[PDB]
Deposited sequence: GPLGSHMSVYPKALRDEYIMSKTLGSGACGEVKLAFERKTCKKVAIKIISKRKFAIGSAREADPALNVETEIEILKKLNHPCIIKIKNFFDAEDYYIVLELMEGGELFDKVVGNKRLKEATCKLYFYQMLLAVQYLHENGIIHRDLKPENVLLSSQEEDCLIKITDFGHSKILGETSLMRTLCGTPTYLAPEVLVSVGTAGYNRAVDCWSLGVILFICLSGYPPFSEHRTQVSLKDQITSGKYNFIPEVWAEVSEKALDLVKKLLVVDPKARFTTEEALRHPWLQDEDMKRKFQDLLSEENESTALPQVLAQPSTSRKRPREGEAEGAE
């Protein structure tokens, strides 16, 4: 059974995925309750602190026999369900979703958060409409950013191991892992197929990724612009240092689209209509 405290504020209903739809008793509004059976402390700590239109918001949390997390309900489900079994997303719909994913990831990075597990199944669509707001979820694997390397470097390396000194060159580029993921997500949305797979290949999945040699099927990509493909090429770079950042991506020719930037602002203000407190008129 569900705990008394949760039962006191919410009316539990039909399952969504475990994730279940519930009704907030006070408001009669629908909510989503993610049950994480017995690190969730860190996920809430992050989510309570985080505030962006493209990042999921915690409404409430319950620490009982299991962990119960109350989130805003996403009527469109996962982005994964839109790309399954070679279901190709329309280029405009890709731009709109990607743009949001970039803003969302940029924000995380700004605030020292590395998602670490970005995938179509962690992106949620707000409505059943293709022109809708997306939201990033699953901060389970996320990391926070002062390095113990920095504390070490203040001292004289008389006793410091070489590898620690070598690690200095690479250091501070952990966030690049999220840009790789976005690159993989963008490839999936645009083509309908993944860039790295064990399907009809001899080469190991590890090897395709390490080499950065993605599976390019021309007939598929003929339907996709050079601008879109260029951006994928720029994010799917083996060297994290050379690999494009969210800021670099957001500045890319593909995203310099005034209609998409307009549609998102229009979707944004439409969501914010109910929340709007009267304005201080000059």
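Lining up the deposited sequence with the coordinates, I want the ranges that have no C-alpha atoms.
Missing C-alpha atoms (numbering from 1) occur across the ranges 1 to 8, 26 to 30, 52 to 66, 174, 312 to 329.
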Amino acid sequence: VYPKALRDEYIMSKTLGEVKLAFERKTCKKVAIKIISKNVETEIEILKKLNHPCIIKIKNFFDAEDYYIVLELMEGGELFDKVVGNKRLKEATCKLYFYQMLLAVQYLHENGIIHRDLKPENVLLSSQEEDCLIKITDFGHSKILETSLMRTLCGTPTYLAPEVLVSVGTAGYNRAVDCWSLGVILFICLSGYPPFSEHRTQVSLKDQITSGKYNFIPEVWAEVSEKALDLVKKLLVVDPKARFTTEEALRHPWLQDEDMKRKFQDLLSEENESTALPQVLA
From here on, numbers count along this sequence of modelled residues.
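Rigid core: the largest C-alpha set superposing within 1.5 Å between the two forms.
Stretch with greater C-alpha deviation in 9 other deposited structures of this protein, 249 to 257 versus 39 to 47 (rigid core superposition)
Relative to the shown form, the greater RMS C-alpha distance in 9 other deposited structures of this protein belongs to 39 to 47.
For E75, do at least a third of the other compared PDB entries give no atomic coordinates?
Result for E75: never missing in the compared entries.
Go through the other compared entries with residues on either side of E146 and state whether a third or more give it no coordinates.
Other entries vs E146: at least a third skip it.
Looking only at CA atoms, which has the higher mean B factor in the entry: 80 to 88 or 134 to 142?
According to the entry, 80 to 88 carries the higher average C-alpha B-factor.
Decide which of the stretches 50 to 58 and 217 to 225 has the higher mean C-alpha B-factor, going by the entry.
Between 50 to 58 and 217 to 225, it is 217 to 225 that shows the higher mean C-alpha B-factor.
Using the temperature factors in the entry, find which of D178, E198, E110, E163 has the highest value at its Cα atom.
Top of the list by C-alpha B-factor: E198.
Which one of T156, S167, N122, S211 shows the biggest C-alpha B-factor in the PDB entry?
Answer, based on the entry's C-alpha B-factors: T156.
Entry-reported Cα temperature factor of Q256, expressed as the chain third it lands in
CA B-factor rank for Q256: middle third.
Give the position of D239 by CA B-factor within its chain, expressed as the lowest, middle or highest third.
Tercile = lowest for this residue's CA B-factor.
Can you tell me whether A249 has a C-alpha B-factor in the lowest, middle or highest third compared with the other modelled residues of the same chain?
Lowest third - that is where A249 ends up once the chain's C-alpha B-factors are sorted.
Consider only the C-alpha atoms of the modelled residues in this chain, order them by B-factor as the entry records it, and name the third containing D117: lowest, middle or highest.
Lowest third - that is where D117 ends up once the chain's C-alpha B-factors are sorted.
Third of the chain's Cα B-factor distribution that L149 belongs to, per the entry:
Highest third - that is where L149 ends up once the chain's C-alpha B-factors are sorted.
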